[PDB]
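Colleague: The structure's right below; bear with me while I get my questions together.
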4 protein chains.
Amino acid sequence: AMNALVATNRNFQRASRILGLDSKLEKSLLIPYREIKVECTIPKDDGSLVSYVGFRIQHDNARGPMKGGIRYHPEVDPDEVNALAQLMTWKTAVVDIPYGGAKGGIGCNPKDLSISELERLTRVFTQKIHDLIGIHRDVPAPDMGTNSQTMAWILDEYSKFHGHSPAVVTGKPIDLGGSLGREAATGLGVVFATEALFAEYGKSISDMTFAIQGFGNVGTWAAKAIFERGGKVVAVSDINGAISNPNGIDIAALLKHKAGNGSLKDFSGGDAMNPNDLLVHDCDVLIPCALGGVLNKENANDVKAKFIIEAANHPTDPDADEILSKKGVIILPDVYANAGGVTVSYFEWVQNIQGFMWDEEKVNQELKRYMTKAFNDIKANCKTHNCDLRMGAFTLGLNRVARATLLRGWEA
Amino acid sequence: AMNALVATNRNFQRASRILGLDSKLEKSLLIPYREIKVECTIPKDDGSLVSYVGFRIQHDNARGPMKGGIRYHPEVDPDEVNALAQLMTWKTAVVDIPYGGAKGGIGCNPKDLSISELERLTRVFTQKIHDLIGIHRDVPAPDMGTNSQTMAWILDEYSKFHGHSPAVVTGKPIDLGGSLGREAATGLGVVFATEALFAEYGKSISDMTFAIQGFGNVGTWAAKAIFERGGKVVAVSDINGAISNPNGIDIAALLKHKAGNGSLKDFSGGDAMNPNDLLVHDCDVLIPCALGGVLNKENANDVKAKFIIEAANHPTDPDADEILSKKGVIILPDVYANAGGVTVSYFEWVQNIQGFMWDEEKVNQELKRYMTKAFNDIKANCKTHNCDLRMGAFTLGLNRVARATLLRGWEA
Amino acid sequence: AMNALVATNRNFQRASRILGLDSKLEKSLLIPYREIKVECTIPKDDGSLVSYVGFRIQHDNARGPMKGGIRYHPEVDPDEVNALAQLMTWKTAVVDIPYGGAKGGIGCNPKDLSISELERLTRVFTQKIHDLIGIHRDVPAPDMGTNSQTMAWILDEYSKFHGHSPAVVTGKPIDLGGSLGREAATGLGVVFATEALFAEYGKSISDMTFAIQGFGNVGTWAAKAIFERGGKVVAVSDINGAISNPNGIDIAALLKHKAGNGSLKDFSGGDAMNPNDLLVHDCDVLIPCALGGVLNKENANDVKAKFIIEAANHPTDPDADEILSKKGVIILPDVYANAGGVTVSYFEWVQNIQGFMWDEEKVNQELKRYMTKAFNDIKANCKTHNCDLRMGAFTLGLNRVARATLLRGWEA
Amino acid sequence: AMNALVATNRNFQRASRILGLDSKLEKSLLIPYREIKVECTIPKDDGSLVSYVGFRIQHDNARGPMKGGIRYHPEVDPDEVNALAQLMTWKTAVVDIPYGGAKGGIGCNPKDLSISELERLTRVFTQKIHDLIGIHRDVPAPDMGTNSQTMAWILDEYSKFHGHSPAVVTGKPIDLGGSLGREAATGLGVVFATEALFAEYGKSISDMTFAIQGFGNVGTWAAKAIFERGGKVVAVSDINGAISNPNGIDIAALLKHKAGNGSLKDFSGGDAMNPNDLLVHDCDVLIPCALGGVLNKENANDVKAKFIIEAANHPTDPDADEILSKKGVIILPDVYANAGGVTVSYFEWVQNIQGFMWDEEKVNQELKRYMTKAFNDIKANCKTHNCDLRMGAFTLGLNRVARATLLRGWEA
Ligand SMILES: NC(=O)c1ccc[n+]([C@@H]2O[C@H](COP(=O)([O-])OP(=O)(O)OC[C@H]3O[C@@H](n4cnc5c(N)ncnc54)[C@H](O)[C@@H]3O)[C@@H](O)[C@H]2O)c1
Ligand SMILES: NC(=O)c1ccc[n+]([C@@H]2O[C@H](COP(=O)([O-])OP(=O)(O)OC[C@H]3O[C@@H](n4cnc5c(N)ncnc54)[C@H](O)[C@@H]3O)[C@@H](O)[C@H]2O)c1
Ligand SMILES: NC(=O)c1ccc[n+]([C@@H]2O[C@H](COP(=O)([O-])OP(=O)(O)OC[C@H]3O[C@@H](n4cnc5c(N)ncnc54)[C@H](O)[C@@H]3O)[C@@H](O)[C@H]2O)c1
Ligand SMILES: NC(=O)c1ccc[n+]([C@@H]2O[C@H](COP(=O)([O-])OP(=O)(O)OC[C@H]3O[C@@H](n4cnc5c(N)ncnc54)[C@H](O)[C@@H]3O)[C@@H](O)[C@H]2O)c1
Ligand SMILES: N[C@](O)(CCC(=O)O)C(=O)O
Ligand SMILES: N[C@](O)(CCC(=O)O)C(=O)O
Ligand SMILES: N[C@](O)(CCC(=O)O)C(=O)O
Ligand SMILES: N[C@](O)(CCC(=O)O)C(=O)O
Ligand SMILES: [Ca+2]
Ligand SMILES: [Ca+2]
Ligand SMILES: [Ca+2]
Ligand SMILES: [Ca+2]
Ligand code: NA
């Protein structure tokens with residue numbers, strides 16, 4: 001793959017030149033507000049020590065408290081967390097929620113840690129960054145390798161230092177102040193975004209076949225919402241294998257099978273498939289829901305889809321963007337399509353601060369309102385600048401951050 | 001009387017066994033988070049010193065900031081405040097408001113103190129606990145022997161240490177950020193709770209006679225709400241005496257007489273009664289609205305009511321529960337029936353942190369909604385466990401607190 | 001044994017009557033500033049939970065930050081910690097160090113917990129009281145069942161909440177800011193106190209035989225300091241056994257045996273004896289160095305010593321005091337004789353605050369100066385009030401605290 | 001040449017291996033406590049923006065508040081700051097002052113910036129890190145490109161956020177709480193260290209010729225102190241040129257020349273010299289006083305000196321260590337030889353806490369005592385481990401840091 005931060009900076013530079021941003025402002029907007037790397041050392045269950053480095057990149061807070069998840073994944077590194085944090089700054093601005101961008105992570109493999117070890121690691125990480133995050137400062141959330149239980153531990157340990165602070169972290173369990181709809185939000189939002197795009201062509205999800213890479217929090221709920229809107233999901237992969245069915249996979253049955261600890265390749269309602277063949281599978285629509293950088297100069301020519309919906313963060317690098325453009329492929333960008341998560345996190349934060357929770361229908365209605373407005377704004381920018389969808393979104397968010405930055409000023 | 005904490009712990013033990021709680025979880029849930037006892041010394045108006053001991057027992061905060069009133073009464077002691085604080089943990093969970101449980105108090109008799117002395121004592125108590133309470137930590141309120149003027153002093157003294165903090169205490173005067181409906185909330189909620197129970201029997205308040213022990217914040221508004229629904233209030237007592245009328249007392253006239261500094265025994269619309277005969281008075285419904293432990297093994301066999309509505313905290317001890325069960329008496333438990341006060345306190349707190357107030361119709365509609373949902377949940381819980389109303393409520397709240405506790409976890 | 005707080009309060013009342021304190025002042029001085037009880041729950045090494053109640057009693061801060069140790073012992077309870085905290089208030093005032101009194105503890109048996117469990121318990125206790133202690137607020141230290149390693153964990157955990165705070169706790173390891181001389185300070189000060197007393201009779205430590213109950217931090221260093229000054233230590237006990245030698249035990253050899261995990265009853269340089277006979281052993285001087293209340297009305301009549309030096313806190317109850325007085329026994333009281341520990345803790349705190357350390361010769365020279373001045377002040381007070389040594393010291397401390405209290409005043 | 005952090009980590013691994021440190025302890029000690037990178041953007045005098053990245057690497061605080069300077073230099077980058085911060089941890093431990101290690105910097109070139117721009121940049125950097133530093137947390141100081149005026153601005157800006165905090169930074173101007181002797185301290189300590197080393201051969205500074213690379217705060221005061229001890233300084237260089245005199249340079253005259261804005265090349269008391277030939281000059285003693293890594297695999301074979309005194313931080317990489325060892329060259333390591341600056345910074349910090357300032361002789365005599373004891377400790381370590389001087393110092397410091405770390409423990 002191309003370096004994640006090289007890739008994201010190329011997109012940033014391209015969006016800057018479209019806006020004609022002042023080069024000094026551009027440099028400021030590139031540099032993160034604050035990068036934090038902390039030692040995270042815990043005792044394992046047997047008493048022996050293990051040490052990790054935890055990252056929290058606080059990229060920009062011009063538009064509000066910083067926002068973005070925490071990734072537990074062995075390939076977490078500073079370039080990846082910096083790219084993801086920068087993308088959070090643009091994404092929060094695309095959907096126009098009052099947040100800036102941050103991201104955190106620990107280079108561990110959760111499969112290799114017991115649940116008590118994962119809890120200790122999460123608490124120690126929180127101890128090491130508690131003074132640098134906060135309800136109006138920087139509010140984490142899940143990402144790959146973390147979930148609502150992880151967020152419970154963050155809330156619990158943070159609150160020892162600062163009092164009960166439900167709004168310090170989102171994606172919480174419902175019974176600890178979480179929001180109805182947040183578990184499903186990213187996948188649902190991907191489908192709202194996809195519906196909005198397809199309507200421009202006079203088409204619907206039910207007209208299309210879909211291939212999905214990754215089957216975790218994003219991939220499961222995306223697949224479910226696609227299936228319920230009549231889409232034909234013809235292939236699904238995850239880290240362990242994959243399953244295909246040209247007639248469409250019964251996603252309801254597939255999810256039930258997964259919840260029983262079944263593996264994709266063993267699902268009886270399709271054919272086991274090599275997961276290394278997922279991205280080049282025949283389909284109308286490809287939805288990467290796992291790692292970034294997976295569409296690159298080596299495989300972009302072999303993509304068969306006419307639409308790519310970026311549910312994962314930065315699945316497509318700029319070399320692939322160019323190849324896929326010349327192939328006639330249309331790419332709905334991450335900073336729009338996957339923003340349902342952070343948008344419903346904003347609603348969770350609002351409910352916590354207000355001391356009163358919303359029903360799930362109100363959460364999703366507001367989510368759809370935000371995704372609809374953002375798409376209309378992206379459309380208008382694409383027309384103004386005669387640019388592609390990625391740049392329509394990137395320039396929309398970049399300009400909103402630039403405006404707030406310029407209003408705040410530069411004197412000491 | 002039975003020791004209050006022995007009594008309340010016996011009920012906790014019984015509810016824990018119905019739920020099959022793990023014994024180590026049970027032990028943690030019994031132990032208070034933090035017990036605080038502080039010297040409170042003031043100059044009296046003549047300059048001489050008096051020293052009191054103030055309490056704030058913080059029992060459990062798994063479900064949110066702790067909540068519970070402050071009692072000024074001569075029998076305030078550690079066991080009583082611990083029992084009350086534990087009941088707040090279950091009560092907040094029964095009505096499903098995002099609070100844990102706490103309680104405070106001072107062993108004094110307010111009638112013996114001037115209004116300037118009460119103010120000094122209140123401000124000194126606040127000075128001694130300010131660092132332990134807070135909007136998102138522990139939020140007091142009135143109880144026996146305190147009122148909205150007490151809360152105004154707490155607010156005012158607390159705000160010297162932390163800035164304007166209206167949400168630090170509830171039961172405030174309207175002109176200092178209090179909620180419409182809060183003064184009447186506990187007594188009105190008692191009547192909503194009672195109507196909900198009686199509907200299960202195809203009966204209304206207007207079918208019944210009522211005897212009420214105590215005639216302060218809870219007893220007055222309960223009596224008023226009963227009277228306005230056609231209930232016959234045939235006996236009322238307070239510390240100083242009692243009055244009866246088997247035809248029903250004109251509660252509007254009784255309240256006017258009280259407001260004029262009249263004594264119950266002197267009311268011309270009834271007959272003076274020995275207050276010691278109140279609990280055993282001939283009535284359909286007995287509502288204790290004063291001290292706890294007043295129904296016990298020595299008088300329970302003499303109760304004539306078929307319903308007991310626990311407006312007071314813990315008026316019936318476990319020995320009396322058994323005796324009254326064998327008499328066919330139905331007891332609507334404190335942790336449900338009197339939760340209207342803490343419920344509207346939640347609404348007050350919400351109005352304060354949100355910086356915007358509600359009208360009284362909204363307050364009371366939501367109070368009714370919360371009291372109805374809780375009763376319906378208690379009923380279902382009774383069916384699930386084939387248990388009495390007390391255990392239906394106690395297990396409902398205990399289970400919710402256990403669920404939050406287990407999510408939060410145990411590592412340091 | 002008499003209740004520890006009943007015993008200590010009887011002494012307080014006796015001293016108050018000697019001074020003629022105003023009854024309202026007296027009542028205020030008795031009541032603790034703040035009593036704290038906190039849940040302390042940890043996972044054991046096998047993951048199962050254990051729950052303890054931790055105590056910090058903050059008795060009085062009129063003269064400065066509160067000071068006193070943390071006891072891990074199965075008989076720790078509120079009465080014991082209240083008595084100990086009150087004694088620290090008088091003791092700090094007897095030696096005229098600028099501290100008030102406090103004490104903490106957990107009712108546990110350290111021998112039944114692994115070293116990792118003891119660390120987690122210590123860290124959780126610190127998390128539960130961190131907001132209540134502080135360099136200028138309340139500074140803990142060791143007591144029975146805790147040591148410098150315990151203090152290292154308190155320092156380390158506290159510093160996560162408040163930054164590096166070496167002066168928040170004393171008795172630290174040298175490599176974490178501890179003071180030279182602090183490990184030996186209580187036993188050495190016992191010897192300085194004893195030498196001051198014996199000079200009044202024209203006697204030396206080398207003239208006397210000694211029996212010592214307890215052989216931990218206080219007993220080992222006391223025995224060593226006596227041995228090195230030619231005193232004959234004829235009996236030593238601990239919780240598992242006892243050893244005697246009428247010619248004097250070779251304490252250097254006894255300590256080496258202890259350091260090799262030997263038991264007292266097995267030491268080859270004496271005869272085994274029943275530890276239940278230690279306090280009635282023939283000797284000139286009896287030094288209790290373990291639990292309180294061990295000299296009581298059931299054994300005081302059989303004591304054979306002419307001098308009792310109270311190294312332990314409150315080893316002699318007031319019934320035993322009277323019996324022993326009538327036997328001609330002279331008792332050098334705890335609040336003077338064992339104050340070397342807290343005095344060198346003061347020096348440790350000063351060194352930490354000043355940022356540089358003293359050598360051991362300077363520590364011990366200053367310790368001797370403090371113990372000499374205190375004894376001279378005690379003698380003077382005994383002459384003024386024609387009272388015994390205990391009351392001379394107790395009234396000296398109580399009067400100093402009363403002075404500071406009256407200067408601070410009582411208005412809000 | 002070699003990467004600064006690769007180099008320093010090789011030395012750490014070598015010292016770890018000598019000590020036999022467990023791999024899990026070794027890994028923890030390598031990882032910094034906290035790495036911080038912050039945007040520092042200011043308006044230039046003409047109003048146009050410039051943006052820099054500022055660093056504060058907090059490597060280890062086991063032994064106390066972290067300590068280390070701030071470098072303004074165009075080659076400042078994360079690897080350099082990390083290496084320097086790690087060296088501060090070992091250095092502080094070598095001289096046995098109660099500090100851990102940190103370092104900061106900004107990748108600017110001060111010659112580019114006006115004095116008002118340098119002030120704004122320093123103040124903005126302070127605004128960005130004030131929450132990270134503090135009297136008992138992390139105390140900065142000068143380094144390359146900064147001076148006492150830089151420290152005045154840090155103090156002034158920091159104090160807006162936290163009140164007057166003289167001890168938050170050392171190297172301050174004398175008129176704002178600085179210490180006499182601090183300006184000259186690093187160079188004077190270099191000479192104390194050198195005198196101690198040469199005494200092991202029965203030789204003195206006055207027996208040797210010297211070449212000095214760098215002529216700033218370290219190089220000028222090192223040159224002056226060597227000159228005043230009869231040393232023959234035959235060559236001196238800085239960034240702009242160099243000067244040699246085989247008969248010895250009149251350093252007093254050279255320092256007046258420099259104070260007159262003269263360049264080394266113009267000095268009439270010498271012959272101008274290519275500065276690229278400084279390190280290979282014909283001398284007995286080479287003293288690097290500028291950048292790190294200047295002695296490497298490319299030029300170590302060409303060094304003619306028989307002694308290298310490391311005044312600069314990490315002037316010699318491990319490839320050159322091996323080459324020079326083979327040529328019989330003795331290298332006195334940075335973590336010992338240049339520790340006079342941080343030692344007198346410790347004295348400055350103590351004076352600020354004490355509230356009174358020492359005379360210069362007291363400072364320098366105490367500095368000499370610290371440098372003499374450290375050298376004796378190093379020699380003992382070399383003998384114990386049969387290792388070179390660098391490892392004698394590195395293991396002495398590393399062991400002290402390990403010991404404090406192990407005392408503190410690992411549970412959360
Ligand atoms: N969770 C959110 O709220 C959210 C929001 C927006 C975007 N995202 C992005 O969506 C992506 C997925 O996050 P998630 O929350 O679903 O993570 P998750 O940990 O819940 O699941 C990740 C899934 O990807 C699979 N996967 C991992 N490596 C793979 C590989 N090499 N090939 C195929 N499958 C692989 C895993 O097996 C699993 O099915 C990430 O890029 C994340 O940053 C997440
Ligand atoms: N106020 C609230 O919001 C609230 C909420 C829930 C439950 N409660 C409980 O309701 C009960 C009453 O509290 P309140 O707020 O009305 O107190 P209050 O001080 O306003 O009134 C107390 C009343 O009880 C009477 N009383 C006291 N001792 C009595 C005795 N021995 N016999 C008869 N009457 C006696 C007093 O004379 C007075 O009429 C208490 O158990 C309290 O904990 C109060
Ligand atoms: N450590 C201090 O600085 C300090 C200061 C002043 C006073 N004190 C008091 O000194 C006494 C001893 O404290 P320590 O620090 O030496 O404790 P420690 O835990 O170091 O040692 C306690 C000793 O007492 C023995 N002991 C326990 N129960 C016993 C029993 N039933 N019979 C005989 N011996 C028994 C133990 O076996 C052990 O030898 C306590 O009263 C303590 O409060 C301690
Ligand atoms: N200042 C202190 O207290 C202190 C303490 C210990 C060690 N050090 C180390 O000493 C070294 C010098 O620091 P300083 O305070 O003297 O810095 P400074 O900014 O005062 O002076 C640096 C000097 O080095 C010269 N120089 C720069 N680049 C050069 C090059 N390529 N070749 C030759 N000369 C060059 C400059 O011209 C100037 O003479 C650094 O490694 C620093 O980390 C400084
Ligand atoms: N996974 C996310 O970080 C979610 C962030 C949030 O909910 O705050 C994302 O990539 O958007
Ligand atoms: N009196 C109460 O404590 C009410 C508490 C509140 O309103 O917060 C009660 O007993 O419920
Ligand atoms: N063990 C002590 O509490 C010592 C207290 C201290 O050193 O601060 C005591 O009993 O004096
Ligand atoms: N220049 C230094 O950082 C000294 C810092 C200090 O004086 O604290 C160094 O490299 O030692
Ligand atoms: Ca920026
Ligand atoms: Ca508990
Ligand atoms: Ca008191
Ligand atoms: Ca480390
Ligand atoms: Na274990």
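So you can find residues: chains in the structure tokens are A, B, ... in the order shown, residues in each start at 1, and ligands are numbered from 1 in order.
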Could you report the residues within 9 Å of ligand 1, using only C-alpha atoms and all ligand atoms, as a PyMOL selection string?
Modeller: chain A and resi 68-73+84+141-147+171+182-187+213-221+237-242+275-276+278+288-292+294+310-315+334-335+337-342+345
Colleague: Going by DSSP on the backbone, which bits of range 236-311 of chain C are alpha helix (DSSP H)? Write them as a VMD selection string, please.
Modeller: chain C and resid 251 to 259
Colleague: Give as a PyMOL selection string the residues surrounding ligand 13 up to a distance of 8 Å, considering only C-alpha atoms and all ligand atoms.
Modeller: (chain A and resi 44-47) or (chain C and resi 44-47)
Colleague: Ligand 11: which residues are within 7 Å, counting only C-alpha atoms and all ligand atoms, as a ChimeraX atom specification?
Modeller: /B:39 /C:28-33,59-60
Colleague: Any chance you could export the current selection's N, CA, C and O atoms as a PDB file, in the first residue's frame?
Modeller:
```pdb
ATOM      1  N   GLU B  39     -17.954  17.519  61.297  1.00  0.00           N
ATOM      2  CA  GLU B  39     -18.368  18.463  62.321  1.00  0.00           C
ATOM      3  C   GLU B  39     -19.059  19.672  61.706  1.00  0.00           C
ATOM      4  O   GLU B  39     -18.531  20.309  60.791  1.00  0.00           O
TER       5      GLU B  39
ATOM      6  N   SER C  28     -16.339  20.452  70.653  1.00  0.00           N
ATOM      7  CA  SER C  28     -15.827  20.611  69.304  1.00  0.00           C
ATOM      8  C   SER C  28     -14.531  19.834  69.118  1.00  0.00           C
ATOM      9  O   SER C  28     -14.331  19.162  68.104  1.00  0.00           O
ATOM     10  N   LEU C  29     -13.622  19.941  70.080  1.00  0.00           N
ATOM     11  CA  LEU C  29     -12.320  19.280  69.962  1.00  0.00           C
ATOM     12  C   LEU C  29     -12.443  17.764  69.901  1.00  0.00           C
ATOM     13  O   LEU C  29     -11.608  17.106  69.275  1.00  0.00           O
ATOM     14  N   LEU C  30     -13.468  17.202  70.542  1.00  0.00           N
ATOM     15  CA  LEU C  30     -13.656  15.770  70.501  1.00  0.00           C
ATOM     16  C   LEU C  30     -14.103  15.325  69.114  1.00  0.00           C
ATOM     17  O   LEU C  30     -13.547  14.363  68.566  1.00  0.00           O
ATOM     18  N   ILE C  31     -15.045  16.055  68.509  1.00  0.00           N
ATOM     19  CA  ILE C  31     -15.648  15.632  67.236  1.00  0.00           C
ATOM     20  C   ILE C  31     -14.619  15.711  66.114  1.00  0.00           C
ATOM     21  O   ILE C  31     -14.012  16.771  65.898  1.00  0.00           O
ATOM     22  N   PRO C  32     -14.446  14.658  65.317  1.00  0.00           N
ATOM     23  CA  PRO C  32     -13.510  14.752  64.197  1.00  0.00           C
ATOM     24  C   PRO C  32     -13.980  15.708  63.119  1.00  0.00           C
ATOM     25  O   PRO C  32     -15.172  15.840  62.819  1.00  0.00           O
ATOM     26  N   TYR C  33     -13.009  16.391  62.537  1.00  0.00           N
ATOM     27  CA  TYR C  33     -13.267  17.211  61.370  1.00  0.00           C
ATOM     28  C   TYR C  33     -14.055  16.429  60.320  1.00  0.00           C
ATOM     29  O   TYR C  33     -15.090  16.896  59.817  1.00  0.00           O
ATOM     30  N   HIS C  59      -9.081  13.815  62.230  1.00  0.00           N
ATOM     31  CA  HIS C  59      -9.607  14.266  63.504  1.00  0.00           C
ATOM     32  C   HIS C  59      -9.531  15.786  63.669  1.00  0.00           C
ATOM     33  O   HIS C  59     -10.522  16.423  64.044  1.00  0.00           O
ATOM     34  N   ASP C  60      -8.382  16.398  63.392  1.00  0.00           N
ATOM     35  CA  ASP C  60      -8.242  17.834  63.669  1.00  0.00           C
ATOM     36  C   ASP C  60      -7.121  18.446  62.840  1.00  0.00           C
ATOM     37  O   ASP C  60      -6.035  17.866  62.740  1.00  0.00           O
TER      38      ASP C  60
END
```
Colleague: Pull out every residue of chain A that has at least one atom within 12 Å of chain C, counting only C-alpha atoms, and report them as number ranges by chain.
Modeller: A: 43-48, 114-117, 120, 124, 126-131, 157-163
Colleague: I'd like the contact shell of residue 327 in chain D - 12 Å cut-off, only C-alpha atoms, skipping same-chain residues fewer than 2 positions apart - returned as a list in words.
Modeller: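 Close residues of residue 327 in chain D: residues 300, 301, 302, 303, 304, 305, 306, 307, 320, 321, 322, 323, 324, 325, 329, 330 and 331 of chain D.
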Colleague: Deliver the residues from the most recent selection as a file, using N, CA and C atoms, as a PDB file, in the first residue's frame.
Modeller:
```
ATOM      1  N   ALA D 300      36.234   8.515  12.614  1.00  0.00           N
ATOM      2  CA  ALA D 300      36.850   8.111  13.874  1.00  0.00           C
ATOM      3  C   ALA D 300      38.281   7.610  13.670  1.00  0.00           C
ATOM      4  N   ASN D 301      38.573   6.986  12.523  1.00  0.00           N
ATOM      5  CA  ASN D 301      39.933   6.529  12.261  1.00  0.00           C
ATOM      6  C   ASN D 301      40.916   7.681  12.166  1.00  0.00           C
ATOM      7  N   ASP D 302      40.425   8.886  11.895  1.00  0.00           N
ATOM      8  CA  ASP D 302      41.281  10.031  11.650  1.00  0.00           C
ATOM      9  C   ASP D 302      41.470  10.904  12.874  1.00  0.00           C
ATOM     10  N   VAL D 303      40.743  10.631  13.956  1.00  0.00           N
ATOM     11  CA  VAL D 303      40.952  11.366  15.200  1.00  0.00           C
ATOM     12  C   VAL D 303      42.365  11.121  15.684  1.00  0.00           C
ATOM     13  N   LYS D 304      43.037  12.196  16.080  1.00  0.00           N
ATOM     14  CA  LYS D 304      44.388  12.156  16.626  1.00  0.00           C
ATOM     15  C   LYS D 304      44.424  12.268  18.150  1.00  0.00           C
ATOM     16  N   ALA D 305      43.393  12.858  18.742  1.00  0.00           N
ATOM     17  CA  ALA D 305      43.351  13.036  20.181  1.00  0.00           C
ATOM     18  C   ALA D 305      43.401  11.684  20.874  1.00  0.00           C
ATOM     19  N   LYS D 306      43.929  11.678  22.090  1.00  0.00           N
ATOM     20  CA  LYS D 306      43.889  10.460  22.869  1.00  0.00           C
ATOM     21  C   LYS D 306      42.768  10.464  23.881  1.00  0.00           C
ATOM     22  N   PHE D 307      42.177  11.636  24.143  1.00  0.00           N
ATOM     23  CA  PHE D 307      41.014  11.794  25.017  1.00  0.00           C
ATOM     24  C   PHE D 307      39.935  12.575  24.283  1.00  0.00           C
ATOM     25  N   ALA D 320      31.838   4.729  16.158  1.00  0.00           N
ATOM     26  CA  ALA D 320      33.077   5.417  16.502  1.00  0.00           C
ATOM     27  C   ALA D 320      33.590   4.997  17.875  1.00  0.00           C
ATOM     28  N   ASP D 321      32.701   4.764  18.840  1.00  0.00           N
ATOM     29  CA  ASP D 321      33.173   4.217  20.111  1.00  0.00           C
ATOM     30  C   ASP D 321      34.092   3.009  19.885  1.00  0.00           C
ATOM     31  N   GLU D 322      33.691   2.083  18.998  1.00  0.00           N
ATOM     32  CA  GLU D 322      34.470   0.859  18.798  1.00  0.00           C
ATOM     33  C   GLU D 322      35.787   1.160  18.107  1.00  0.00           C
ATOM     34  N   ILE D 323      35.747   2.008  17.081  1.00  0.00           N
ATOM     35  CA  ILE D 323      36.967   2.386  16.373  1.00  0.00           C
ATOM     36  C   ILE D 323      37.946   3.064  17.318  1.00  0.00           C
ATOM     37  N   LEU D 324      37.449   4.022  18.090  1.00  0.00           N
ATOM     38  CA  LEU D 324      38.308   4.796  18.970  1.00  0.00           C
ATOM     39  C   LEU D 324      38.884   3.913  20.058  1.00  0.00           C
ATOM     40  N   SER D 325      38.068   3.001  20.601  1.00  0.00           N
ATOM     41  CA  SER D 325      38.587   2.063  21.590  1.00  0.00           C
ATOM     42  C   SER D 325      39.785   1.299  21.041  1.00  0.00           C
ATOM     43  N   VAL D 329      41.862   5.283  22.478  1.00  0.00           N
ATOM     44  CA  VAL D 329      41.312   6.580  22.835  1.00  0.00           C
ATOM     45  C   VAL D 329      40.351   6.377  23.984  1.00  0.00           C
ATOM     46  N   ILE D 330      40.373   7.290  24.961  1.00  0.00           N
ATOM     47  CA  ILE D 330      39.477   7.241  26.113  1.00  0.00           C
ATOM     48  C   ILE D 330      38.436   8.333  25.941  1.00  0.00           C
ATOM     49  N   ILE D 331      37.163   7.980  26.142  1.00  0.00           N
ATOM     50  CA  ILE D 331      36.056   8.896  25.904  1.00  0.00           C
ATOM     51  C   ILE D 331      35.268   9.071  27.186  1.00  0.00           C
TER      52      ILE D 331
END
```
Colleague: Could you pull out the strand (DSSP E) residues of range 136-362 of chain C from DSSP and send them as an MDAnalysis selection string?
Modeller: chainID C and resid 138:139 209:213 232:237 242:244 271:273 285:288 307:309 330:332
